[PDB]
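Have a look at the structure below before the remarks.
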6 protein chains.
Amino acid sequence: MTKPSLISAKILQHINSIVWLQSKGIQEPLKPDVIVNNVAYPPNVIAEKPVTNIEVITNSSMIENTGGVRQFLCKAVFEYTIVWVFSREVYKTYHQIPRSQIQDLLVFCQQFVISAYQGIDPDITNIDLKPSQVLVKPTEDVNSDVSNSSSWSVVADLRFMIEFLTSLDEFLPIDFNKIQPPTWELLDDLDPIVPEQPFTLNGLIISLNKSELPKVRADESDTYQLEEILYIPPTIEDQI
Amino acid sequence: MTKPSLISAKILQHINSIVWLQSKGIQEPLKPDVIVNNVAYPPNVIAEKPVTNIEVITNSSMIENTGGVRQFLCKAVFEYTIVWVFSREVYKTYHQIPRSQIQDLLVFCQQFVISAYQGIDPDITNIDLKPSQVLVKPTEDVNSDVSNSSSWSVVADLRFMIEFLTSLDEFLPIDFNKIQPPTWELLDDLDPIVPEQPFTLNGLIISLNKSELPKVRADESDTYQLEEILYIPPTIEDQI
Amino acid sequence: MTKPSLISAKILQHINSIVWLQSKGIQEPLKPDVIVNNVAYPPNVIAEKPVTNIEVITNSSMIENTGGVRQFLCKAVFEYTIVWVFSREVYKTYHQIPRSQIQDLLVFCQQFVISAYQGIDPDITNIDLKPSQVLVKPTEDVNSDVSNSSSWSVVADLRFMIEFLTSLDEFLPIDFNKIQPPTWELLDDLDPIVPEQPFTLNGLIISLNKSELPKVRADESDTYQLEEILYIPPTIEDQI
Amino acid sequence: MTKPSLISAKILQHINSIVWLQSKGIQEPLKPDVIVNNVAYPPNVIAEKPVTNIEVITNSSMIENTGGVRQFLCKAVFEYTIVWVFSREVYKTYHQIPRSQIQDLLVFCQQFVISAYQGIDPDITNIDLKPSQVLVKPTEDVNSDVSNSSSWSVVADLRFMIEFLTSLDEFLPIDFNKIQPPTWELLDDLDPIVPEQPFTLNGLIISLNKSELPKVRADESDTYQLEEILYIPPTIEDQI
Amino acid sequence: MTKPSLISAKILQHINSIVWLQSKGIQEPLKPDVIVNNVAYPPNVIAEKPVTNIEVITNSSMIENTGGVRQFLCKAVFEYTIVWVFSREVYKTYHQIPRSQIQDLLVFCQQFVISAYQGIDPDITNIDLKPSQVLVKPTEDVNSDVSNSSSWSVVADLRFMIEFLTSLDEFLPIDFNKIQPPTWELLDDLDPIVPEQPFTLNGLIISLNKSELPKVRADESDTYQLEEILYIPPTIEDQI
Amino acid sequence: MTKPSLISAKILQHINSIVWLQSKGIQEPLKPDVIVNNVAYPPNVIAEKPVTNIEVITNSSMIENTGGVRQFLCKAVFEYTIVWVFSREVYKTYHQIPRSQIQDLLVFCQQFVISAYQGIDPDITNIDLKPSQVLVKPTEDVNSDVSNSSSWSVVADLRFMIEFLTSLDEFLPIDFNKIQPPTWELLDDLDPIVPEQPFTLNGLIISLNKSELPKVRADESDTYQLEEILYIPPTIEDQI
């Protein structure tokens, strides 16, 4: 269904049991190493990137015409960036930083997000992985030790290509509450085109014709006689 | 048919029930948050980009030779850019801006424009979607809060690849009224090449020949005798 | 046949009934809006770009070996650029400029040039269209209103990929009159290689041999006797 | 299995009997030529690059559904850079440096790492080689001789594309010890989604129904009679 | 065969009856318009570019193993650039320059070079054309009129992809006369590897063996008796 | 086999009878024209570029599993650059330099290196040619004549893509003599992983079992009786 519920489930699966995310924001942390259980751990942040490549193809075999409202299959790329900052005070050389454990944590998150098909949204039809990039670039302006040497920053991206089912009926003015008012005015004094409304069958009228002897024709009015006009629920009489 | 009627229908489907477009113009808004029902909403704008990739292929199976005038299938890319400006006065951190709702609004517009095949123009043969790009770039020069920090700008593009039927007969000098005068002069004193005009059959003349005994030949003038000259409507006699 | 006659026909089809071309030249116009019938119209220009991608493939099924002179199929890309200048004095905002009508005029020219197969040259075998680009770039240095704001320029290109038949016999020193003298001298004192000349049959001589009894051999001179030497027109006797 | 054990085995295979690695670090060496057995050898270093292109495809024929926990196939690119510094004091001209021996050492390492399928990890399914690049760039700022001429640096990369099997069960909080605390708190006060736990069968209860004479139906409760309730281990009685 | 004879034939076909080449050199001409027959013509030059993409594939079906010396098929790209300078004194506007005639001259040269398969070299197996580029760039620093406006330069390239047969026997020290001395010394005191020399059969010796009764064996020396030793020309006796 | 022996053979084939290489080094020559037999020839140099694209695929049909040691097929690109310097004192114009002879010399080297399959190394399985590039760039800083005009430099590259067989047994510590000491110490106090050693069969012991009447089972110890223990060479008794 809707991408905000899906993205909330995606970040929940991300931080579920794999990555510990101390803060969420676009900024390398300048906090000291975090002390928990008398053990020091590096600062980290997560940047949730805006959803891109939002495309609706209507051209997949996994779209069922249920006959109520037209369904769609939507493709999206959901991009998350996790950054860990390793201070140079404790990590003197590049090779002693725990890059291996970061890669292990990254592959574990990839496996957990891929396996959780039924746990992210029921309407997910495909989840695929783009090749992840791991960078050991320096921090933005974060210095640790004497001489003002830049701290080690380990940056890992996760880009999930995900295909899921949607319908028109899933979107309501409640999810647009802080961006768009319901029932606004048209920008050029035009009328809004109202979509179709689900039609309810609250009466049926049948008018049958008794055709002439050779065969039914149904075009000329003298070749058939009106027999009766039938209202399938008797209560439709005198109502419409 | 013609692209201005089609583009008017396309923008109408866009603002129909999905995106609320406060203004139309190439400029990030410096208006305050718009107050409606005592609720504040971010400023927005739409840029309707000029139609590009206008190509006529005449090489598709959905072009019927009706025998009146030659039809064409035209492909075009119609590009719309919607920009929302979120002031930093209310939205202090990047992650608290409602990117999810913007993506939901974008996917809803994509679904609505794709479904409305019969509502945009009857002569649409294909509508497809390029991957949409969502950017969280800063505003052009719009500052909100103290220190003159740039406001958040959420930019979303929609590029519709659309294939539709056209004919020569659909274009008249009325739709060119403010760009081109009808019946202008040639730039090098040349003559204008007049296209074919629909021919009306207002008389038919048949001259049949009685051929010689072995077989019809129809080349030599002594091997056939003129019998009669027939004018299919009798009123063509003494007229032409 | 030859590209100058073809290009003259191509520009003639262009300005025939679609685009009104006020001037032909590589320069955005600084003339005022042109008044015709008391109606003001924007200035325009056309740039006819030099023919590029001139390739001769001799590898198509539409090349007939007529046995006189070797034919060729030539491919070329013919590029025309039409620029309209819309003054900011009348057109205050970008969205009120008549981009839709420009796109309509462009698609009409594309359809008219594509349909006119028999009208441009009889030897055209294919005409195809590259995707057209429509730009709303500013004018070169043309300012309209106060503050010296650059005028709106609408630039539309048309690139026709066109395949046509040619032969060696179609090119004569008349079409090179102002670029090359006929019968020039070789740059390194070399001799010019004269192409083959159409051979005319003005006499035929047959010398037949009466072969020996077992079979014709035709190699050894004692196994056949000369019977007669036949000159097919009697007037070839005593002539050659 | 896990990439840190695999990478430790990969560097071990690298330095096993092929490359002699004096130091491990991102820096061209400024140490003098190393004297061993009264023979001088050039300084060298190895840079172990961070693992990139970590992708989990779950779409290979070499993934067995064992029915315990879902397996995965992971692809990774492991990149090692070996740099040798040849002083200009001994190596006066470029062509007398032993580039051939470096290329021989490089091809030997490539062959040894490729052959050792069973020696790096048992769960390796594929090891492939990207084209190696050998550079004779100068040193960073290392000068040897008079005039401060830059020393010769021979840089050779080895990029192994490697596909291997993984499972969720292979990752424990022990391998994340210095990067992540076990059993942390959720960043938005959310609950952690616990993965499935291996279910142990410590009792089985069977309730069979005696169906009516025509056939089993199993939907309506009057068409079958409860016969007995069977506990497969007798000790499950009075326990659950 | 050899490329210098082929390239001499290629430039000869170029200037044969199509392009008039006043000078050959890499430089836009500053000579005045050339007066011949009291008619003024624009200056021109030709740049013969160095042969590139020289590749020997030995992997084509048009290479016959004649059994004397191994043949090859060589591919080359031969690039010629013709530049015409049109003074602004006579050619005031861009559109009045005779670009059409230049394109006609270019297509005529392309057709003539393509047709002349038997006239350039007998061993040509393929001649193909890359797409030609025609530029209306300004001259290098050539000014014509007042204000020092740059003259019009029309630049047209011709790149012939050509495949031809070669053999080792075609290259002799005569064609290298001014670049390489015959019979030079090896740069590292090595010996030169002499190619095979055509072997002439000036004698034949046959030694036949009379085999034992069950069958020929030809391995053990007691199972066959030497009968005679035959010298096919009797004069080989007492000679070798 | 090993690339240094192969590269020595490759440069030997290069200078064998085709290119005369006066010096080997990365530098355009400033020596005068070389006088031999009273004839002046241009200076030249050769740059042997470091071997790149060293890839071991183990995925070709030309790799035989001999069952001793695992073989490999190695691909490499061997790049040689030959530069000739033509002084402007003798060569006044560009077109009079002997580019044709240089191209002839280049194609002859390409043919000779391609043909010499059995002469470069016996284990070559493929030799292919990349498209060669011929440049007429100026010299680095070499001036000839008055005004200090840069001398003509003709640069031709030869890039051989070559596929050849290798094995682990071909590499010994003798070929690494000046780069790596034999039997070095591990960088992290690890043990070296010794490769398999060729196993020699110096004794065979067979213990056969007499099975029970219904059939051989070979799992339970009571269903078979030990008959004898056979040592195939009698001298293995009392030895092991």
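Lettering and numbering for the structure tokens are positional, with chains as A, B, ... in the shown order, residues counted from 1 in each chain, and ligands counted from 1 in the shown order.
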Write down, as a PyMOL selection string, each residue of chain B that has any atom within 7 Å of an atom of chain A, counting only C-alpha atoms.
chain B and resi 16-17+20-22+41-42+94-95+99-101+103-104+107+110-111+128-135
Need to verify the contact set: region 210-215 of chain A, 10 Å, only C-alpha atoms, exclusion of same-chain residues closer than 6 positions in sequence. Can you return it as a PyMOL selection string?
chain A and resi 222-228
Keeping N, CA, C and O atoms, export the residues of the selection given above as a JSON list (two decimals), in the first residue's frame.
```
[["chain", "number", "residue", "atom", "x", "y", "z"],
["A", 222, "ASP", "N", -41.89, -2.67, -34.80],
["A", 222, "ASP", "CA", -43.11, -3.38, -35.08],
["A", 222, "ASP", "C", -42.95, -4.90, -35.05],
["A", 222, "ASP", "O", -43.92, -5.65, -35.12],
["A", 223, "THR", "N", -41.70, -5.39, -34.90],
["A", 223, "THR", "CA", -41.37, -6.81, -34.97],
["A", 223, "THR", "C", -41.27, -7.46, -33.61],
["A", 223, "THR", "O", -40.90, -8.63, -33.46],
["A", 224, "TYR", "N", -41.60, -6.71, -32.56],
["A", 224, "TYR", "CA", -41.60, -7.22, -31.21],
["A", 224, "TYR", "C", -42.66, -6.52, -30.40],
["A", 224, "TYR", "O", -42.93, -5.34, -30.56],
["A", 225, "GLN", "N", -43.29, -7.26, -29.46],
["A", 225, "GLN", "CA", -44.31, -6.70, -28.61],
["A", 225, "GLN", "C", -43.78, -6.67, -27.20],
["A", 225, "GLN", "O", -43.13, -7.61, -26.73],
["A", 226, "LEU", "N", -44.02, -5.57, -26.46],
["A", 226, "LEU", "CA", -43.74, -5.53, -25.04],
["A", 226, "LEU", "C", -44.68, -6.46, -24.29],
["A", 226, "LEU", "O", -45.89, -6.42, -24.48],
["A", 227, "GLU", "N", -44.10, -7.35, -23.47],
["A", 227, "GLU", "CA", -44.87, -8.30, -22.68],
["A", 227, "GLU", "C", -45.06, -7.69, -21.31],
["A", 227, "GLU", "O", -46.12, -7.15, -21.00],
["A", 228, "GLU", "N", -44.01, -7.70, -20.47],
["A", 228, "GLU", "CA", -44.07, -7.14, -19.15],
["A", 228, "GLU", "C", -42.82, -6.36, -18.81],
["A", 228, "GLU", "O", -41.76, -6.49, -19.44]]
```
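Here CA of residue 137 (chain B) stands at a distance of 7.5 Å from CA of residue 155 (chain B).
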